[PDB]
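Asks: Quick one: the structure is below, and I'll ask about it shortly.
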Amino acid sequence: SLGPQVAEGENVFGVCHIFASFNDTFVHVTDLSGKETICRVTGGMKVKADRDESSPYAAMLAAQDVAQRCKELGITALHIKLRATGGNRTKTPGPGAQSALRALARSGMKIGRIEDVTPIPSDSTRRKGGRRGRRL
RNA sequence: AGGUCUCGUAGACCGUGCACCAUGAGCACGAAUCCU
């Protein structure tokens, strides 16, 4: 797992798909094409209590672990690909995206272009729930 | 030739629902104008 390239002149790029719902966050790193992956730790991996799996703490620890693994293998520059749960459920990102991005930037890498790739439907099927909604 | 262009720095709109939560015996109440 070594590479005889230059390090001072330029940097090696990858992309990171940050998928964040209201109950779990994902920090997934692939190559530029996206077929081949590098590392993934989810927000339920760090905390052992499944209540706050979408906490900023678990997203911060997962982003720090992903950045440590990427520095171990040799990825320095990274393109952010932000995604919520999408569909017809909601479009607001979950409560770990900003914390994971700040932890990933503070770890000592380089950030390129931030992109929102949440699936926006053009009038898809019926949303889950009744006509009166979830009354609680 | 001068080597920090000028006048003060709300520069908080981080976010979302929120465990279980029922009932109450009736007797005890009367409606008003003017001075020697």
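Simple scheme: letters A, B, ... for chains in structure tokens order, numbers from 1 for residues in each chain, numbers from 1 for ligands in the order shown.
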Quick one: contact table of chain A to chain B, 10 Å max, nearest atom pair and distance in Å to one decimal per residue, counting only C-alpha atoms (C1' of nucleotides), chain and number order, as a Markdown table?
Replies:
| residue | atom | partner | partner_atom | distance |
| --- | --- | --- | --- | --- |
| A:22 | CA | B:16 | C1' | 8.3 |
| A:92 | CA | B:15 | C1' | 9.3 |
| A:93 | CA | B:15 | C1' | 9.5 |
| A:94 | CA | B:15 | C1' | 8.3 |
| A:95 | CA | B:15 | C1' | 6.9 |
| A:98 | CA | B:14 | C1' | 9.4 |
| A:136 | CA | B:17 | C1' | 9.1 |
Asks: Convert the current residue selection to file output with N, CA, C and O atoms, as a CSV table (one decimal), in the first residue's frame.
Replies:
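The resulting file, out_21.csv, is shown below:
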chain,number,residue,atom,x,y,z
A,22,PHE,N,-32.3,11.6,10.3
A,22,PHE,CA,-32.6,12.0,11.7
A,22,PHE,C,-32.3,11.0,12.8
A,22,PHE,O,-32.5,11.2,13.9
A,92,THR,N,-34.4,18.3,4.8
A,92,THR,CA,-33.4,18.9,5.7
A,92,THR,C,-32.4,17.8,6.1
A,92,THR,O,-32.8,16.7,6.5
A,93,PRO,N,-31.1,18.1,6.1
A,93,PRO,CA,-30.1,17.1,6.6
A,93,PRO,C,-30.2,16.9,8.1
A,93,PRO,O,-30.7,17.8,8.8
A,94,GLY,N,-29.8,15.8,8.5
A,94,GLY,CA,-29.9,15.4,9.9
A,94,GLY,C,-28.9,16.1,10.8
A,94,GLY,O,-28.0,16.9,10.3
A,95,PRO,N,-28.9,15.9,12.1
A,95,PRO,CA,-28.1,16.7,13.0
A,95,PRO,C,-26.7,16.1,13.3
A,95,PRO,O,-26.3,16.1,14.4
A,98,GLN,N,-23.2,18.9,9.8
A,98,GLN,CA,-22.3,20.0,10.0
A,98,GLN,C,-21.2,19.7,11.0
A,98,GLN,O,-20.0,20.1,10.8
A,136,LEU,N,-49.8,12.2,17.5
A,136,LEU,CA,-49.2,11.8,18.8
A,136,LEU,C,-49.0,13.0,19.7
A,136,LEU,O,-49.1,14.1,19.3
Asks: Please list as a list in words every residue within 7 Å of residue 20 (chain A), counting only C-alpha atoms (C1' of nucleotides) and excluding residues in the same chain fewer than 6 positions away.
Replies: residues 26, 83, 84, 85, 93, 94, 96 and 97 of chain A
Asks: Give me a file of those residues, with C-alpha atoms, as a PDB file, in the first residue's frame.
Replies:
ATOM      1  CA  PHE A  26     -22.956   7.910   7.334  1.00  0.00           C
ATOM      2  CA  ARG A  83     -27.121  13.889   1.216  1.00  0.00           C
ATOM      3  CA  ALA A  84     -30.200  13.729   3.456  1.00  0.00           C
ATOM      4  CA  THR A  85     -32.737  10.903   3.633  1.00  0.00           C
ATOM      5  CA  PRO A  93     -30.112  17.144   6.568  1.00  0.00           C
ATOM      6  CA  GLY A  94     -29.853  15.397   9.903  1.00  0.00           C
ATOM      7  CA  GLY A  96     -24.652  15.333  12.309  1.00  0.00           C
ATOM      8  CA  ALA A  97     -23.743  16.722   8.894  1.00  0.00           C
TER       9      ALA A  97
END
Asks: Which residues are near residue 123 (chain A)? Cut-off 10 Å, only C-alpha atoms (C1' of nucleotides), ignore same chain within fewer than 2 positions. Put them as a CSV table (one decimal) with N, CA, C and O atoms, in the first residue's frame.
Replies:
chain,number,residue,atom,x,y,z
A,87,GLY,N,-36.2,11.5,-0.9
A,87,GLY,CA,-37.5,10.9,-1.2
A,87,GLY,C,-38.6,11.9,-0.9
A,87,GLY,O,-38.5,13.1,-1.1
A,88,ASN,N,-39.7,11.4,-0.4
A,88,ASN,CA,-40.9,12.2,0.1
A,88,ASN,C,-40.9,12.3,1.6
A,88,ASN,O,-41.9,12.9,2.1
A,120,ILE,N,-34.3,14.5,-5.0
A,120,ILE,CA,-35.5,15.4,-5.1
A,120,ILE,C,-36.5,14.7,-6.1
A,120,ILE,O,-36.2,14.7,-7.3
A,121,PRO,N,-37.6,14.2,-5.6
A,121,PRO,CA,-38.5,13.5,-6.5
A,121,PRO,C,-39.4,14.5,-7.3
A,121,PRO,O,-39.7,15.6,-6.9
A,125,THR,N,-44.3,8.5,-5.3
A,125,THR,CA,-45.5,7.8,-4.7
A,125,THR,C,-45.9,8.4,-3.4
A,125,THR,O,-45.4,9.4,-2.9
A,126,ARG,N,-46.9,7.8,-2.8
A,126,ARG,CA,-47.6,8.3,-1.6
A,126,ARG,C,-46.6,8.2,-0.4
A,126,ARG,O,-45.9,7.2,-0.2
Asks: List the spatial neighbours of residue 28 (chain A) as a PDB file with C-alpha atoms, in the first residue's frame - criterion: any atom at most 9 Å away, only C-alpha atoms (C1' of nucleotides), same-chain residues fewer than 3 positions off excluded.
Replies:
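Ended up saving to result-v1.pdb:
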ATOM      1  CA  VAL A  15     -14.869  12.105  -2.573  1.00  0.00           C
ATOM      2  CA  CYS A  16     -16.847  11.621   0.644  1.00  0.00           C
ATOM      3  CA  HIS A  17     -20.604  10.991   0.616  1.00  0.00           C
ATOM      4  CA  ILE A  18     -22.029  12.276   3.907  1.00  0.00           C
ATOM      5  CA  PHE A  19     -25.505  10.768   4.323  1.00  0.00           C
ATOM      6  CA  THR A  37     -14.501   2.555  -1.716  1.00  0.00           C
ATOM      7  CA  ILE A  38     -11.946   3.341   0.996  1.00  0.00           C
ATOM      8  CA  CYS A  39     -13.569   3.370   4.447  1.00  0.00           C
ATOM      9  CA  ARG A  40     -16.910   3.723   6.224  1.00  0.00           C
ATOM     10  CA  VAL A  41     -17.874   4.067   9.883  1.00  0.00           C
ATOM     11  CA  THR A  42     -21.478   4.883  10.791  1.00  0.00           C
ATOM     12  CA  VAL A  66     -12.479   8.294   8.679  1.00  0.00           C
TER      13      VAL A  66
END
Asks: Using backbone DSSP assignments, extract all strand (DSSP E) residues from chain A; output them as a PyMOL selection string.
Replies: chain A and resi 13-20+25-30+37-42+77-83+110-116
Asks: Between A:52, A:45, A:13, A:6, single out the one closest to residue 33 (chain A), counting only C-alpha atoms.
Replies: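 Smallest distance to residue 33 (chain A) is found for A:13.
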Asks: Among region 8-136 of chain A, which residues does DSSP mark as alpha helix (DSSP H) when it is run on the backbone? Keep the chain and numbering as in the structure and answer as number ranges by chain.
Replies: A: 43-46, 56-73, 97-106
Asks: Can you work out the spacing between CA of residue 76 (chain A) and CA of residue 53 (chain A) in Å, to one decimal?
Replies: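 These atoms are spaced 27.5 Å apart.
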Asks: Please measure the separation of CA of residue 105 (chain A) and CA of residue 68 (chain A), giving the value in Å to one decimal.
Replies: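 Distance reported for this atom pair: 12.0 Å.
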Asks: Provide the CA of residue 43 (chain A) to CA of residue 100 (chain A) distance in Å, to one decimal place.
Replies: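 Computed distance, CA of residue 43 (chain A) to CA of residue 100 (chain A), equals 9.9 Å.
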